[PDB]
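As structure tokens, the structure follows; a few thoughts come after it.
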Amino acid sequence: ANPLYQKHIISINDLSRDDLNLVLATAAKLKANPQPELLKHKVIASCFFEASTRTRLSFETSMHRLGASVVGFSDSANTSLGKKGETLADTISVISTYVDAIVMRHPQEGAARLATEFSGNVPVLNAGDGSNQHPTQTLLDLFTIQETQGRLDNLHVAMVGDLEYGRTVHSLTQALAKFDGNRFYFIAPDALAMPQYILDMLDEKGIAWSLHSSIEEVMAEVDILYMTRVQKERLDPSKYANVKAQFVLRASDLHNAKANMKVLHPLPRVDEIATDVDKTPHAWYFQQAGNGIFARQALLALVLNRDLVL
Amino acid sequence: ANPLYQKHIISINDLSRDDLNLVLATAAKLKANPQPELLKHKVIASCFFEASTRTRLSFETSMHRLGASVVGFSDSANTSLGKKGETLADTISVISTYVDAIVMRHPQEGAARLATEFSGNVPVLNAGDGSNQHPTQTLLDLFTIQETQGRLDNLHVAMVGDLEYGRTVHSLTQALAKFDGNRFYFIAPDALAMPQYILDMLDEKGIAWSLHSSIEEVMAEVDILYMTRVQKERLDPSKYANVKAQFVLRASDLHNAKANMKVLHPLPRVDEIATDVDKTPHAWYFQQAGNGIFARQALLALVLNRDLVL
Amino acid sequence: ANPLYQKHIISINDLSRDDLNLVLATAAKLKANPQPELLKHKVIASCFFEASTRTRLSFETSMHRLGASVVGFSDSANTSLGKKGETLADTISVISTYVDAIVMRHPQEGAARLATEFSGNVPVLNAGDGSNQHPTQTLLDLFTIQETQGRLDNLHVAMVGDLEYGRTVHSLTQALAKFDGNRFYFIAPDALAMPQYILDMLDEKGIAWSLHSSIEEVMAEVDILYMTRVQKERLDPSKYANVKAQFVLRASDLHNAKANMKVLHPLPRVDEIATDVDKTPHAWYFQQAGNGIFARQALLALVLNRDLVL
Amino acid sequence: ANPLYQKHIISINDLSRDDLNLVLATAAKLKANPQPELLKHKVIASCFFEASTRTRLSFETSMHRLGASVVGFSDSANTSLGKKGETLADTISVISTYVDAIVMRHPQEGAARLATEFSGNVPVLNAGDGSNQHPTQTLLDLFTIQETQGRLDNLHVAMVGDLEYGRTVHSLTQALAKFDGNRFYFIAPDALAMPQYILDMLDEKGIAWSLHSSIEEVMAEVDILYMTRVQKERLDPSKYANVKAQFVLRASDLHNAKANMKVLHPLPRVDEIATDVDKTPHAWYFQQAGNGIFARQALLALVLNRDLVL
Amino acid sequence: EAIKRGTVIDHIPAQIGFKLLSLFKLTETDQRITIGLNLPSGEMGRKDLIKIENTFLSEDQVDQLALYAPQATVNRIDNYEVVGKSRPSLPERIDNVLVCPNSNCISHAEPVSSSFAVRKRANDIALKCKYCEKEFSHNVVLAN
Amino acid sequence: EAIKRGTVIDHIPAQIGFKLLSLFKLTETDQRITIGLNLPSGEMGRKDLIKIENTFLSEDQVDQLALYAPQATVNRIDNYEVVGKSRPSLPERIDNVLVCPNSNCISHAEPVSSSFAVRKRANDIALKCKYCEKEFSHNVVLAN
Ligand SMILES: [Zn+2]
Ligand SMILES: [Zn+2]
């Protein structure tokens with residue numbers, strides 16, 4: 001077969017360095033030459049139990065680009081605490097007789113995993129399960145890094161913002177660490193430091209990481225500068241107080257960046273990235289977003305098409 | 001190329017007499033012999049920041065009739081005043097890397113125009129921007145007039161209803177006035193007269209227009225009778241009081257109409273057109289509505305397909 | 001007994017001039033020399049089928065001030081019917097067996113009068129019945145004028161604002177017309193002028209009145225300037241701004257005004273009176289509000305207490 | 001006159017130690033020997049712009065216990081962040097002409113203080129203004145501590161819970177700091193520790209304080225254990241369960257505690273105090289609640305009644 | 001009081017100088033600036049006056065002054081001498097400094113520069129919004 | 001000319017002069033005013049400078065400058081001569097010009113003047129809101 005044919009894609013942590021590579025290779029292939037008839041006659045369910053417009057539009061577009069048909073639903077501020085009677089398991093049990101794959105997003109950690117236990121032979125792809133996993137976001141991140149740097153080893157990567165809750169930076173760090181020679185630079189408003197399990201993981205693999213308090217320290221050396229998204233309740237008016245500006249990246253902050261340096265942000269951004277960086281050659285978050293349709297085409301292609309010849 | 005290839009269609013006031021013609025010509029061509037594979041492999045975004053079901057169904061059907069795939073969203077009574085953080089500009093900057101064109105409707109005047117400033121090479125088509133513009137409505141109006149009269153010059157056109165706010169009648173008047181020899185007849189409940197800039201415009205072009213208070217005065221002479229839609233808050237119980245019936249058009253009002261006279265209404269109608277006119281040969285508002293898929297097919301065809309050969 | 005003992009108070013029109021003076025005299029007496037035990041042992045029902053907090057507070061204060069006990073309720077908009085089951089008639093039929101008098105406010109016009117038909121010998125006092133009557137508002141208005149001018153006859157009175165929907169000024173006009181030598185000035189955006197049957201009534205009584213369009217024309221020569229509250233829904237939002245600035249009052253509009261003149265307003269105001277007039281000797285709207293509890297004390301006292309102690 | 005006659009009661013910080021004792025002495029007197037006709041003929045306004053039923057009940061009971069009459073209102077989800085017409089200022093401007101004192105509770109901070117600027121010689125008593133002040137809660141707390149320990153100096157006091165958002169303990173801390181020889185212990189999940197300016201204020205006064213992480217460390221040696229209410233939203237639901245079980249109190253945590261110690265809680269509690277502590281001699285939170293009506297009687301009495309009868 | 005090299009904006013109406021300083025961020029510079037407000041002028045009553053060293057205004061920059069000080073004169077100065085002299089002409093477009101009177105205009109909440117087409121009329125100047133396509137009297141746009 | 005009678009505020013830091021002109025509505029007057037921005041000063045690097053005819057500053061008005069130009073000098077001028085000379089001292093309260101960092105403070109939507117108590121600290125100035133009773137670094141209140 002191909003290693004990912006008929007498999008579920010639930011969590012980054014389930015994927016080998018090879019898996020990662022296969023996805024990214026495929027992505028690039030498709031990006032280079034499109035196969036708009038590759039999934040002709042497939043029907044995919046775009047089940048968004050939790051509304052997320054940006055994510056759904058990307059996924060659906062990918063399905064269409066590969067010629068598949070899409071049905072589904074985006075859900076709503078739930079009156080009376082849900083379908084209430086109907087278990088997710090019953091829901092997945094039924095839907096999985098209609099369709100060929102399920103792409104689902106859900107407010108509960110573990111929903112994508114539960115779906116697979118009822119989906120039969122229908123692969124389910126995780127589009128977000130509460131604060132747990134978001135594999136395609138992570139794959140599009142990797143793909144953007146690889147595409148612009150020519151590589152996923154020997155990089156200098158800085159994570160910036162809420163490192164306590166930035167599930168994007170946890171995932172991306174995990175994945176990059178499946179690769180050799182990367183060095184990491186973490187930058188928080190003191191508060192909101194990185195989860196100790198991640199750091200412990202880096203140490204066993206033998207991976208360099210440094211802690212810092214502003215970007216200045218690190219700007220001249222980084223290849224990727226990855227910003228998290230940052231909530232109004234994630235932080236407060238009192239800890240936005242003396243050092244909140246490195247939390248606002250400006251074009252001026254970029255004078256000494258290497259020419260190759262790209263700025264990624266999983267989006268949306270509210271104030272953490274000023275609009276004047278938009279014009280710099282470093283701004284790459286919109287490009288990043290458009291790469292999502294390749295990561296996602298790739299996954300769908302590999303999972304539904306027995307032997308994917310590039 | 002063709003003059004409209006890769007252009008935005010944001011406002012009626014941006015289109016020449018020629019442009020208008022091209023659209024209508026194309027429309028009729030497509031109406032006569034369909035090209036269901038003209039936009040095979042295009043993906044179009046149907047972005048309805050403001051819900052409007054009639055308008056979205058029309059537009060989407062057109063996309064499907066030309067073979068394109070559709071993704072998008074209709075929006076909702078917005079909890080907490082919006083995506084709030086996310087600017088429209090970031091939204092369009094992202095969506096425009098997914099898709100081939102953007103059809104959007106928005107509660108703020110100027111939204112369509114702002115989109116173009118971030119859409120890159122992706123044409124955006126305005127489906128309604130607050131009380132500003134609604135070009136496809138106007139184009140389907142024109143197309144209906146041309147199809148039934150055989151022509152857009154030398155017509156006798158009457159506008160009826162709220163002329164102060166009827167954005168439909170402003171647009172339509174502007175357009176027809178790009179053509180020679182039309183004569184206009186405006187009819188309001190005294191209140192809600194016509195914007196002075198429109199009348200001033202007619203005078204410089206040298207175009208005949210007359211003011212009136214009932215339709216009787218004008219019925220025997222008109223070729224089109226265009227009715228506006230009329231709100232409950234647009235008017236009141238006190239100015240529905242002595243003359244509210246010409247505000248209610250009835251089959252009986254039509255006894256002396258020319259045989260060719262058609263009655264258009266952009267829809268929906270509430271009480272302003274009585275159902276007994278529905279059976280007359282003059283009722284043409286439903287037909288008008290179905291012509292929308294041709295006006296819209298036409299715009300999408302011309303904008304995405306370099307040289308459109310009929 | 002005094003003329004009002006055990007009588008329903010429903011409409012301003014049901015009161016003679018004698019009546020009015022009787023109420024106003026009692027108000028003045030009570031304001032000068034309180035009787036905090038006049039209605040000791042009475043139980044009054046505060047029934048607000050339609051919520052109105054400024055109205056309930058005032059009225060209930062009046063009750064406690066006379067040492068009466070108060071029970072009641074404020075109703076909650078409309079899930080649909082606040083009542084559904086119970087006819088208003090049944091509701092009064094019951095309550096009139098608990099209490100000594102009923103003070104009610106209701107969304108339907110005529111509700112208070114209806115109550116009188118099922119309340120037995122329990123008096124009802126109308127605190128507002130849709131867009132019909134609000135007598136205690138008028139009475140408090142009257143009392144306020146008299147107190148500040150020393151007389152209710154031969155006065156120069158201005159009305160300003162939404163004179164078509166503003167029932168507050170209709171009533172005040174009606175009751176001031178039971179007085180001699182008074183002269184009115186009506187200030188309104190044209191499509192909101194004072195209803196005719198009023199004027200007819202005024203011409204027929206020989207009452208001098210003048211329609212104007214700006215406060216300035218008359219400011220120099222009035223004793224009372226009574227402002228109502230123009231809405232942002234009634235007139236639209238384009239015509240609003242074009243003529244809004246004369247139905248707004250600033251201190252600078254008071255340079256040539258009489259040293260006896262007081263500005264009245266039933267409240268609440270939004271922007272129609274700038275806060276800079278507050279500090280001037282003419283602002284009397286808060287005073288006016290205060291007088292509410294005397295007008296209302298007087299009424300309760302007269303109705304429930306057979307012979308008055310001036 | 002006594003020092004508090006006709007004074008506004010807005011903030012704990014506006015009171016001397018002398019003041020505090022004056023309040024507490026009066027509370028004790030009133031509890032010992034009720035004066036059900038002290039405020040006979042007074043009318044107090046109970047204005048809860050933000051609903052708080054445990055607070056209103058307490059306060060209104062205090063009022064009736066002194067023989068005062070009560071009028072007021074409770075607002076309905078302050079639906080949005082204000083009454084759309086009326087400024088708060090206008091509202092007070094009006095109410096202060098009906099009544100003899102104002103007791104108010106409001107979502108915005110500073111609302112009570114603002115009211116003082118428009119209430120004339122009508123005193124206002126702050127019953128809670130957003131996250132700023134709630135002085136009767138602190139006063140009731142103080143009174144409760146003194147009654148049970150016989151003194152307000154040289155005491156061993158524990159604070160437990162959400163010490164970062166818990167305004168209840170801030171205030172109590174501030175006011176206990178106007179006393180000598182007192183010693184604090186703060187128990188909190190680290191990212192919720194007691195705000196610094198407090199500690200700075202404490203060091204600067206020479207106040208012994210120790211930060212701990214479990215009740216046990218100190219249980220053996222405290223006189224007051226004052227618990228606040230940790231939320232399920234503030235800390236997230238993964239970290240919650242991992243450290244929740246020390247901010248929960250069971251009777252079994254009371255084996256080595258002092259025979260004078262009382263457990264306090266402003267209420268309500270949910271799970272932070274197991275019901276098995278209720279039956280022990282230490283539980284005093286319901287007693288505490290009851291003392292509310294004496295702290296509150298005291299304050300009304302001192303403010304409205306020029307010279308006190310102890 | 002004059003300078004060696006730079007621009008002098010003369011004959012600005014009273015109460016407009018400070019407005020110009022604000023709208024066009026003219027003091028956000030390191031250069032030496034000299035301003036006179038409410039100076040006497042027999043020429044026109046009384047005037048404001050701005051002098052900026054080593055700074056020059058393009059024809060269009062000058063033109064942007066037209067809506068606020070139509071009769072101003074813009075002198076170029078080198079070695080203490082007037083080298084050039086021009087006056088402001090109504091521009092075709094005015095960017096960045098006006099704000100649309102339309103509360104619903106997309107241009108308020110978003111990251112775009114305001115823009116208006118300028119059209120001379122009988123008794124006022126008409127300003128048309130690039131975005132919402134509504135047209136206003138400059139009196140309305142300019143008064144707050 | 002120069003001088004005759006009024007006030008001269010000297011030794012204003014660069015980029016503060018215009019700030020002062022704005023905050024304290026100093027040009028909402030008919031008096032003659034003369035302003036120097038980014039003037040050379042060997043005394044302090046470079047400075048802004050304001051001169052207002054026939055206008056005088058109370059001790060407290062002068063103190064209001066302390067937060068923005070602590071080392072300024074305020075000279076009184078009569079018949080072209082410096083008659084008086086004072087320097088700004090930190091005030092106890094600052095009214096009217098600041099705005100509370102607290103989005104929820106009642107002071108925003110309502111018709112009252114802002115007010116802060118001023119308290120000197122180690123490395124900054126503490127400002128406490130009359131209304132919401134929260135305290136802020138002047139750095140936070142002053143930066144937007
Ligand atoms: Zn606009
Ligand atoms: Zn504040």
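Chains: A, B, ... in order of the structure tokens. Residues: from 1 per chain. Ligands: from 1, in order shown.
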
* To do: Could you list the residues in chain A lying within 8 Å of chain B, using only C-alpha atoms, and format the result as a PyMOL selection string?
  => chain A and resi 36+53-54+57-58+60-61+64-65+268-270+286-287+289-290+293

Taking the chain letters and numbering used in this document, name the residues of region 86-250 of chain A that DSSP puts in strand (DSSP E), as a PDB file with C-alpha atoms, in the first residue's frame.
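The result, stored in out.pdb:
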ATOM      1  CA  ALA A 101     -14.035   9.893   5.328  1.00  0.00           C
ATOM      2  CA  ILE A 102     -14.912  12.079   8.318  1.00  0.00           C
ATOM      3  CA  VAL A 103     -13.089  15.357   8.992  1.00  0.00           C
ATOM      4  CA  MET A 104     -14.369  16.548  12.379  1.00  0.00           C
ATOM      5  CA  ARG A 105     -13.816  19.306  14.884  1.00  0.00           C
ATOM      6  CA  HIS A 106     -15.117  19.063  18.443  1.00  0.00           C
ATOM      7  CA  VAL A 124     -11.507  10.027  10.566  1.00  0.00           C
ATOM      8  CA  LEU A 125      -9.233  13.086  10.384  1.00  0.00           C
ATOM      9  CA  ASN A 126      -8.929  15.300  13.440  1.00  0.00           C
ATOM     10  CA  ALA A 127      -9.629  18.981  12.777  1.00  0.00           C
ATOM     11  CA  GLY A 128      -9.409  20.027  16.405  1.00  0.00           C
ATOM     12  CA  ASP A 129     -10.333  18.291  19.582  1.00  0.00           C
ATOM     13  CA  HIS A 156      17.067  27.957  14.583  1.00  0.00           C
ATOM     14  CA  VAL A 157      13.494  28.280  15.689  1.00  0.00           C
ATOM     15  CA  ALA A 158      12.048  30.761  18.187  1.00  0.00           C
ATOM     16  CA  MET A 159       8.613  30.378  19.833  1.00  0.00           C
ATOM     17  CA  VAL A 160       7.021  33.552  21.115  1.00  0.00           C
ATOM     18  CA  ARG A 183      17.975  24.577  18.286  1.00  0.00           C
ATOM     19  CA  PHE A 184      15.109  26.269  20.070  1.00  0.00           C
ATOM     20  CA  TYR A 185      14.589  29.638  21.607  1.00  0.00           C
ATOM     21  CA  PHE A 186      11.569  30.176  23.887  1.00  0.00           C
ATOM     22  CA  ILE A 187      10.262  33.685  24.659  1.00  0.00           C
ATOM     23  CA  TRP A 209      17.048  25.138  24.023  1.00  0.00           C
ATOM     24  CA  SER A 210      17.400  28.535  25.675  1.00  0.00           C
ATOM     25  CA  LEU A 211      14.987  30.679  27.591  1.00  0.00           C
ATOM     26  CA  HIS A 212      14.574  34.438  26.908  1.00  0.00           C
ATOM     27  CA  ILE A 224      11.795  30.793  11.877  1.00  0.00           C
ATOM     28  CA  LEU A 225      10.012  33.112  14.345  1.00  0.00           C
ATOM     29  CA  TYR A 226       6.705  31.513  15.365  1.00  0.00           C
ATOM     30  CA  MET A 227       4.140  33.650  17.218  1.00  0.00           C
TER      31      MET A 227
END

* Compute the set of chain D residues within 6 Å of chain F, using only C-alpha atoms, and express it as a ChimeraX atom specification. => /D:108-110

Near residue 115 (chain D), within 7 Å and counting only C-alpha atoms, which residues show up once chain neighbours fewer than 4 positions away are dropped, as a PDB file with N, CA, C and O atoms, in the first residue's frame?
ATOM      1  N   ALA D  89     -25.672  59.233  36.425  1.00  0.00           N
ATOM      2  CA  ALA D  89     -25.807  60.533  37.088  1.00  0.00           C
ATOM      3  C   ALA D  89     -27.255  61.039  37.151  1.00  0.00           C
ATOM      4  O   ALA D  89     -27.729  61.433  38.223  1.00  0.00           O
ATOM      5  N   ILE D  92     -29.357  58.826  39.712  1.00  0.00           N
ATOM      6  CA  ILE D  92     -29.151  59.353  41.055  1.00  0.00           C
ATOM      7  C   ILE D  92     -29.753  60.776  41.233  1.00  0.00           C
ATOM      8  O   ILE D  92     -30.436  61.047  42.231  1.00  0.00           O
ATOM      9  N   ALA D 111     -18.959  53.520  40.647  1.00  0.00           N
ATOM     10  CA  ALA D 111     -20.349  53.944  40.456  1.00  0.00           C
ATOM     11  C   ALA D 111     -20.920  54.580  41.739  1.00  0.00           C
ATOM     12  O   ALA D 111     -21.598  55.631  41.694  1.00  0.00           O
ATOM     13  N   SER D 119     -26.010  63.215  44.461  1.00  0.00           N
ATOM     14  CA  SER D 119     -27.073  62.773  45.364  1.00  0.00           C
ATOM     15  C   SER D 119     -27.465  63.826  46.384  1.00  0.00           C
ATOM     16  O   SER D 119     -28.237  63.530  47.293  1.00  0.00           O
TER      17      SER D 119
END

Restrict the calculation to only C-alpha atoms, then for each residue of chain F with any atom at most 6 Å from an atom of chain E give the closest atom pair and their distance in Å to one decimal, rows by chain and rising residue number, as CSV.
residue,atom,partner,partner_atom,distance
F:32,CA,E:38,CA,4.8
F:33,CA,E:37,CA,4.9
F:34,CA,E:36,CA,4.9
F:35,CA,E:35,CA,5.0
F:36,CA,E:34,CA,4.9
F:37,CA,E:33,CA,4.9
F:38,CA,E:32,CA,4.9
F:39,CA,E:32,CA,5.5

* Residues of region 114-285 of chain B in alpha helix (DSSP H) according to DSSP, as a ChimeraX atom specification? -> /B:114-116,135-149,167-176,196-205,285

Could you take the residues named above and write them with N, CA and C atoms, as an mmCIF file, in the first residue's frame?
data_model
loop_
_atom_site.group_PDB
_atom_site.id
_atom_site.type_symbol
_atom_site.label_atom_id
_atom_site.label_comp_id
_atom_site.auth_asym_id
_atom_site.auth_seq_id
_atom_site.Cartn_x
_atom_site.Cartn_y
_atom_site.Cartn_z
ATOM 1 N N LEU B 114 -12.856 47.436 0.084
ATOM 2 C CA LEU B 114 -11.731 47.057 0.929
ATOM 3 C C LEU B 114 -11.195 45.633 0.621
ATOM 4 N N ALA B 115 -12.065 44.669 0.325
ATOM 5 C CA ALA B 115 -11.569 43.316 0.049
ATOM 6 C C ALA B 115 -10.549 43.334 -1.089
ATOM 7 N N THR B 116 -10.792 44.131 -2.122
ATOM 8 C CA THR B 116 -9.929 44.057 -3.285
ATOM 9 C C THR B 116 -8.508 44.477 -2.954
ATOM 10 N N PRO B 135 -24.457 45.203 -7.427
ATOM 11 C CA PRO B 135 -24.381 45.230 -8.885
ATOM 12 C C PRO B 135 -25.120 44.089 -9.582
ATOM 13 N N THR B 136 -25.068 42.877 -9.050
ATOM 14 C CA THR B 136 -25.760 41.829 -9.792
ATOM 15 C C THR B 136 -27.275 42.025 -9.790
ATOM 16 N N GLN B 137 -27.817 42.602 -8.718
ATOM 17 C CA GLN B 137 -29.244 42.923 -8.720
ATOM 18 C C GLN B 137 -29.588 43.842 -9.874
ATOM 19 N N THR B 138 -28.761 44.865 -10.017
ATOM 20 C CA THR B 138 -28.969 45.835 -11.060
ATOM 21 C C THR B 138 -28.836 45.184 -12.442
ATOM 22 N N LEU B 139 -27.790 44.372 -12.649
ATOM 23 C CA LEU B 139 -27.546 43.658 -13.909
ATOM 24 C C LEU B 139 -28.670 42.688 -14.299
ATOM 25 N N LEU B 140 -29.202 41.962 -13.336
ATOM 26 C CA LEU B 140 -30.354 41.126 -13.630
ATOM 27 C C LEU B 140 -31.580 41.980 -13.954
ATOM 28 N N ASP B 141 -31.645 43.197 -13.393
ATOM 29 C CA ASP B 141 -32.760 44.068 -13.710
ATOM 30 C C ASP B 141 -32.686 44.491 -15.157
ATOM 31 N N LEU B 142 -31.550 45.080 -15.504
ATOM 32 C CA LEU B 142 -31.237 45.456 -16.874
ATOM 33 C C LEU B 142 -31.469 44.306 -17.852
ATOM 34 N N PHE B 143 -30.978 43.126 -17.499
ATOM 35 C CA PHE B 143 -31.122 41.990 -18.393
ATOM 36 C C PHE B 143 -32.589 41.656 -18.607
ATOM 37 N N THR B 144 -33.402 41.760 -17.552
ATOM 38 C CA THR B 144 -34.812 41.461 -17.711
ATOM 39 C C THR B 144 -35.451 42.532 -18.622
ATOM 40 N N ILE B 145 -35.028 43.782 -18.461
ATOM 41 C CA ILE B 145 -35.621 44.824 -19.237
ATOM 42 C C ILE B 145 -35.286 44.602 -20.681
ATOM 43 N N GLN B 146 -34.012 44.450 -20.985
ATOM 44 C CA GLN B 146 -33.571 44.145 -22.357
ATOM 45 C C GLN B 146 -34.199 42.913 -22.987
ATOM 46 N N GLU B 147 -34.331 41.844 -22.230
ATOM 47 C CA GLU B 147 -34.870 40.620 -22.825
ATOM 48 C C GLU B 147 -36.314 40.726 -23.257
ATOM 49 N N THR B 148 -37.128 41.428 -22.465
ATOM 50 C CA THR B 148 -38.565 41.541 -22.724
ATOM 51 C C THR B 148 -38.935 42.690 -23.620
ATOM 52 N N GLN B 149 -38.068 43.681 -23.736
ATOM 53 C CA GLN B 149 -38.409 44.860 -24.525
ATOM 54 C C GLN B 149 -37.643 44.883 -25.822
ATOM 55 N N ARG B 167 -32.425 51.622 -3.047
ATOM 56 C CA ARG B 167 -31.118 51.594 -3.681
ATOM 57 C C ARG B 167 -31.215 50.911 -5.037
ATOM 58 N N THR B 168 -32.153 49.946 -5.143
ATOM 59 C CA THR B 168 -32.471 49.333 -6.440
ATOM 60 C C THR B 168 -32.828 50.366 -7.472
ATOM 61 N N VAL B 169 -33.768 51.279 -7.156
ATOM 62 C CA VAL B 169 -34.159 52.283 -8.160
ATOM 63 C C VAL B 169 -33.096 53.343 -8.470
ATOM 64 N N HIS B 170 -32.223 53.634 -7.511
ATOM 65 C CA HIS B 170 -31.116 54.524 -7.811
ATOM 66 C C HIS B 170 -30.190 53.854 -8.846
ATOM 67 N N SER B 171 -29.776 52.615 -8.573
ATOM 68 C CA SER B 171 -28.842 51.903 -9.438
ATOM 69 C C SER B 171 -29.417 51.805 -10.840
ATOM 70 N N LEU B 172 -30.625 51.255 -10.920
ATOM 71 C CA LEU B 172 -31.290 51.014 -12.194
ATOM 72 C C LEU B 172 -31.393 52.315 -13.014
ATOM 73 N N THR B 173 -31.772 53.401 -12.357
ATOM 74 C CA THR B 173 -31.831 54.674 -13.029
ATOM 75 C C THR B 173 -30.453 55.127 -13.563
ATOM 76 N N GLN B 174 -29.446 55.069 -12.706
ATOM 77 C CA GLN B 174 -28.090 55.336 -13.157
ATOM 78 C C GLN B 174 -27.746 54.558 -14.439
ATOM 79 N N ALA B 175 -27.940 53.231 -14.398
ATOM 80 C CA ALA B 175 -27.632 52.358 -15.534
ATOM 81 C C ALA B 175 -28.376 52.736 -16.832
ATOM 82 N N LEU B 176 -29.697 52.791 -16.751
ATOM 83 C CA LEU B 176 -30.519 53.101 -17.906
ATOM 84 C C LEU B 176 -30.077 54.436 -18.468
ATOM 85 N N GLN B 196 -31.560 64.153 -4.929
ATOM 86 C CA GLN B 196 -31.391 65.222 -5.879
ATOM 87 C C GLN B 196 -30.201 64.948 -6.818
ATOM 88 N N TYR B 197 -29.201 64.189 -6.375
ATOM 89 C CA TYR B 197 -28.044 63.978 -7.263
ATOM 90 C C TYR B 197 -28.408 63.217 -8.529
ATOM 91 N N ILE B 198 -29.367 62.295 -8.396
ATOM 92 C CA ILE B 198 -29.867 61.483 -9.508
ATOM 93 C C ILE B 198 -30.570 62.373 -10.550
ATOM 94 N N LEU B 199 -31.493 63.214 -10.067
ATOM 95 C CA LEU B 199 -32.213 64.170 -10.918
ATOM 96 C C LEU B 199 -31.263 65.145 -11.615
ATOM 97 N N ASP B 200 -30.327 65.700 -10.852
ATOM 98 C CA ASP B 200 -29.298 66.561 -11.429
ATOM 99 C C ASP B 200 -28.551 65.833 -12.547
ATOM 100 N N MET B 201 -28.256 64.552 -12.310
ATOM 101 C CA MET B 201 -27.566 63.722 -13.295
ATOM 102 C C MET B 201 -28.355 63.586 -14.580
ATOM 103 N N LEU B 202 -29.651 63.345 -14.431
ATOM 104 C CA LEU B 202 -30.536 63.207 -15.583
ATOM 105 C C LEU B 202 -30.539 64.479 -16.421
ATOM 106 N N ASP B 203 -30.611 65.620 -15.751
ATOM 107 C CA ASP B 203 -30.658 66.903 -16.444
ATOM 108 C C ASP B 203 -29.412 67.174 -17.345
ATOM 109 N N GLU B 204 -28.215 66.935 -16.821
ATOM 110 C CA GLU B 204 -27.016 67.123 -17.612
ATOM 111 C C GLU B 204 -27.002 66.176 -18.823
ATOM 112 N N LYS B 205 -27.300 64.897 -18.609
ATOM 113 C CA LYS B 205 -27.448 63.973 -19.736
ATOM 114 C C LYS B 205 -28.627 64.399 -20.673
ATOM 115 N N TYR B 285 -41.797 39.576 -12.033
ATOM 116 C CA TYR B 285 -40.816 39.581 -10.935
ATOM 117 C C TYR B 285 -40.224 38.197 -10.629
#

* To do: Determine the nearest neighbour of ligand 1 from the options E:93, E:141, E:100, E:69, counting only C-alpha atoms and all ligand atoms.
  =>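 Among the listed residues, E:100 lies closest to ligand 1.
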
* **Spatial neighbours of residue 18 (chain D), max dist 12 Å, only C-alpha atoms, sep filter under 4 positions, as a PyMOL selection string** => chain D and resi 2-4+14+22-25+175+178-179

* Long-range neighbours of residue 233 (chain B) as a list in words, 10 Å cut-off, only C-alpha atoms, 5 positions minimum in chain -> residues 233, 234, 235 and 236 of chain C

Output the selection as a PDB file, in the first residue's frame - N, CA and C atoms for each residue.
ATOM      1  N   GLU C 233     -35.040  55.948  15.815  1.00  0.00           N
ATOM      2  CA  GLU C 233     -35.753  55.028  14.930  1.00  0.00           C
ATOM      3  C   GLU C 233     -36.857  55.748  14.131  1.00  0.00           C
ATOM      4  N   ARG C 234     -37.567  56.666  14.801  1.00  0.00           N
ATOM      5  CA  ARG C 234     -38.715  57.414  14.256  1.00  0.00           C
ATOM      6  C   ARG C 234     -38.373  58.199  12.974  1.00  0.00           C
ATOM      7  N   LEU C 235     -37.445  59.146  13.081  1.00  0.00           N
ATOM      8  CA  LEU C 235     -36.846  59.799  11.924  1.00  0.00           C
ATOM      9  C   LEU C 235     -35.704  58.880  11.479  1.00  0.00           C
ATOM     10  N   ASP C 236     -35.365  58.789  10.181  1.00  0.00           N
ATOM     11  CA  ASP C 236     -34.165  57.936   9.905  1.00  0.00           C
ATOM     12  C   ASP C 236     -32.922  58.632  10.254  1.00  0.00           C
TER      13      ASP C 236
END
